[PDB]
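Before any questions on how it binds or moves, here is one chain, the form deposited in one PDB entry, in structure tokens.
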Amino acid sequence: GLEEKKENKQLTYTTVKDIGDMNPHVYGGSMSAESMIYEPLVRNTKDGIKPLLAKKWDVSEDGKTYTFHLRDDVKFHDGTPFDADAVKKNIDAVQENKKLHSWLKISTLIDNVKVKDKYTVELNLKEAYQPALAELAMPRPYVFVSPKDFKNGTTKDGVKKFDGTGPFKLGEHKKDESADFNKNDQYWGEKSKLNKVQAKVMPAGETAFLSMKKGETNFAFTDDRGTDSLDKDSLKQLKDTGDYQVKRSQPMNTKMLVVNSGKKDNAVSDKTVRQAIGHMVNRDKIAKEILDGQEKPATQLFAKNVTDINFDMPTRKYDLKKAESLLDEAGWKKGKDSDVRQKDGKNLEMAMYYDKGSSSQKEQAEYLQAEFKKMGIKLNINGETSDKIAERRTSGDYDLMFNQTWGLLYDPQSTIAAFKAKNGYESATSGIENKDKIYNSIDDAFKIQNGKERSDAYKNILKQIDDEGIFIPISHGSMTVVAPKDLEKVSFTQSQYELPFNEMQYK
């Protein structure tokens, strides 16, 4: 129960998905799990870049050479040392697979790494690049795995064990059931007060709620795909027990519909149909009624207050006459016979995908399905695992899906770069006729030093992307955490993908 977990210094969180592949040089694994065990050279905080595995660093005059002075007291979880050599091998191993990392521009600029002495490592770039430190602070890919865990000096095809430097170590993992993160008693920095944090896999909804009420789990938080295992009324019922508190971060992302311009066998490949769909999403009512006012509606992909945006570019409004008139233009007309829309003898249908673990995504899917039926479209909705949603996002096998932007450290520049990445939203943009010009504009934008000129370059990109109807913004997501009422020091970083497990502490 709760008491015993308090007494034993344990947290056990409920989640709908397993930790996956804990090699942090690739992206399949749980993000928060990996940030408990692996560490970057530096951290990107609300106060800027701060030391972590590197204590200090020098940038050359020309901006091409970063020299990192490493901590000398760090060990990997297997007992092997952390040093310049380990840094160079990790970065070389990531760079050996740089096609996977091309969403992050530094991976295209890294020339070589050199070891200067035992705790001094030089990183040489092809050109100067001021976001370098920021990109090195990300949770993947530039975090450090024991080189003894490499497979013949590589990580691109996996690692043999999952030894990092972080405040927790990976312990017993039973596939689709539980994973243990045990306190790293040799940790170099702020040691965990908790002995163990356990990720316990179970379906969302009633199972998760009961698990929590009885203290079999005693913690929850929005996973890395944005899914909250507990709905608003579960949260109410848990606060009401007296045992639990509920914290919610500042708004971190935009939650949107993705509309696959590249799906050639379906109507969503027609710009006009995409524009029509855009007027069929009542974001105001969804925010107020379906999401219980817990999120504000989103009228553009990246909110005005996001870095380098600072513009209002309101998207298509909810307007069914406008939708009708656009579907008629596209030749998807109803009939006196029926209210159902047809073209060339075929009915208008589309397949929408949502995470079956998200009650909010499911309710939205049901709503929209009802709303699309009024328009004479048959919207087939499919709840799947977030792992399956992601695979579909990469393959392009979908007409519409729920998704979300990547948060405060990624929006807008990384999320925009992902518009032309295979592992991001390239599927959805791949059917735009001016895609060659937009993709080139994306590359150009990142080279613009002046803030205002850059914001304008982003505006020109986003305007065309809005024109295309690729993304339909809906609401602004936060990170939500349920925790024991006597757990102190639960707080949020800039990321929606980690939590300070090693700082949390009972009573």
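Note that residue numbering follows the sequence shown and begins at 1.
Check your understanding: Is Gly357 left out in a third or more of the other entries?
Key -> no, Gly357 modelled in all other entries.
Check your understanding: Do at least a third of the other entries of this protein fail to model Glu127?
Key -> Negative; every one of those entries includes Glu127.
**Study point:** Of 334-342 and 304-312, the one with larger mean CA B-factor
**Key:** Mean B over CA atoms: larger for 334-342.
Review point. Is the mean CA B factor in the deposited entry higher across 259-267 or across 231-239?
Key: Higher mean C-alpha B-factor in the PDB entry: 231-239.
Review point. For the listed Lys75, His173, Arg274, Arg393, which has the peak Cα B-factor recorded in the PDB entry?
Key: Top of the list by C-alpha B-factor: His173.
Point to revise | Peak C-alpha temperature factor (PDB record), options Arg225, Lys374, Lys156, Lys89 | key: Of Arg225, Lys374, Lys156, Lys89, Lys374 has the highest C-alpha B-factor.
Check your understanding: Among the modelled residues of its chain, does the C-alpha B-factor of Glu433 lie in the lowest, middle or highest third?
Key -> According to the entry, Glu433 has a C-alpha B-factor in the chain's middle third.
Check your understanding: In terms of the CA temperature factor given in the entry, to which third of its chain does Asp355 belong: lowest, middle or highest?
Key -> Within its chain, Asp355 is a lowest-third residue by C-alpha B-factor, going by the deposited values.
Practice item. Could you tell me which third, lowest, middle or highest, the C-alpha B-factor of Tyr244 occupies within its chain? Key: Ranked within chain, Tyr244 CA B lands in the highest tercile.
Check your understanding: Ranked by Cα temperature factor within the chain, is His25 in the lowest third, the middle third or the highest third?
Key -> Tercile = lowest for this residue's CA B-factor.
Point to revise | CA B-factor ranking of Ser107, expressed as a third of its chain | key: Lowest third of the chain for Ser107's C-alpha B-factor.
Keep in mind the form deposited in another entry is missing from the figure; the text below concerns it.
Exercise for review: Among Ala428, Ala93, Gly477, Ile290, pinpoint the one at the hinge where one rigid part of the chain turns on another between the shown form and the other one.
Suggested key: Checking the domain motion between the shown form and the other one, the hinge sits at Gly477.
Check your understanding: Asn305 and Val490: do their C-alpha atoms lie closer or farther in the other form than in the form you see, with a change of 3 Å or more?
Key -> Residues converge in the other form, at least 3 Å closer.
Exercise for review: Since the C-alpha distance between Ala179 and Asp387 changes by 3 Å or more in the other form, give its direction relative to the shown form: closer or farther.
Suggested key: So the answer is farther.
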